[PDB]
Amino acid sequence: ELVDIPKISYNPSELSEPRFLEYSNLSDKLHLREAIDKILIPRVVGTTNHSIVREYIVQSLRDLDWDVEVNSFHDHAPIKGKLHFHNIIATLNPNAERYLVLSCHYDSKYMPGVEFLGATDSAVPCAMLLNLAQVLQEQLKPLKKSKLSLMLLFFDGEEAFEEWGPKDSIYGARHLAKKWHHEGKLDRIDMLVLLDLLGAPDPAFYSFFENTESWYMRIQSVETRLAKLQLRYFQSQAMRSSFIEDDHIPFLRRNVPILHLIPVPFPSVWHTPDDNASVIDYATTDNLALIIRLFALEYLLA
């Protein structure tokens, strides 16, 4: 069921016009396309390419002066058996009291007998987050020292190896949510924003969670303001009784507020080899990446 979002949840863009104009003109299309190209390789957990993609993410952010921790652990999967998973946790201020967290998964789904590239799922999301760090590096500098800072979290082992279920899915997220819960490190997450299945044409977004509906409406407003300045995806509706499972689930279950940036319906190529370079709509990709960059600045800088 879709419900119209009530007025109480409206939360318009607050950046001054000049800063909104200035920040909305920051981009690096070439870097975004280069990041996509680097990441868009088969990258099943435990493979050489999986390590190559992790190294690229880690080095890219370390080169931009982010603190980067790799959370490594072993778990058992159907088919593959024992695997070494590696969540990537990048922060501007590793000593922050609070974080906005932007996140996605960097593994690609294991598909017997075929290469699966997972362009929308989630090579493009991963590239959008690296590109965000590159494009906004000047504006983000103060967040290296502030009490509220930014974390980019690249989950490992999101995908099932045999059949999606509670014991065969979201390996990295389940591990990390349990670890941080045990360590009292979940309360510091203001909100976990999860990007998934982005880069295909004509995505439609809805608000899934009432406690983040107001911040959903800030993204909606960012999109409206960009349109007005002539520079739609986010619907002003909430989807109730939606039970879409993803990396956020183990955080959601432990009281962490979630903003789930995933289109409904999913792209038509979902979990087929057609989720490749050819499905990427670059106009939609540049657009969504810009909207997300501005959302991050709205939240963090205000």
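The first residue of the sequence shown is number 1, and the count goes up from there.
The deposited sequence places 10 or more unmodelled residues between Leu231 and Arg232.
For the segment pair 286-294 and 14-22, the entry gives 14-22 the higher mean B-factor, averaged over Cα atoms.
For the pair 117-125 and 137-145, the mean B factor over Cα atoms is greater in 137-145. Take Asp107, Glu97, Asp196, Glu223 and read off each C-alpha B-factor from the entry; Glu97 has the highest.
When the Cα B-factors of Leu176, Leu92, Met191, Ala227 are read from the PDB record, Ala227 comes out highest. Compared with the other modelled residues of the chain, the Cα B-factor recorded for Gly172 ranks in the lowest third. When all modelled residues of the chain are sorted by CA temperature factor, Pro273 is found within the highest third.
In this PDB entry, the Cα temperature factor of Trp164 sits in the top third of its chain's modelled residues, the highest group.
In the PDB entry, a CA B factor belonging to the lowest third of its chain's modelled residues is recorded for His260. When all modelled residues of the chain are sorted by CA temperature factor, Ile39 is found within the lowest third.
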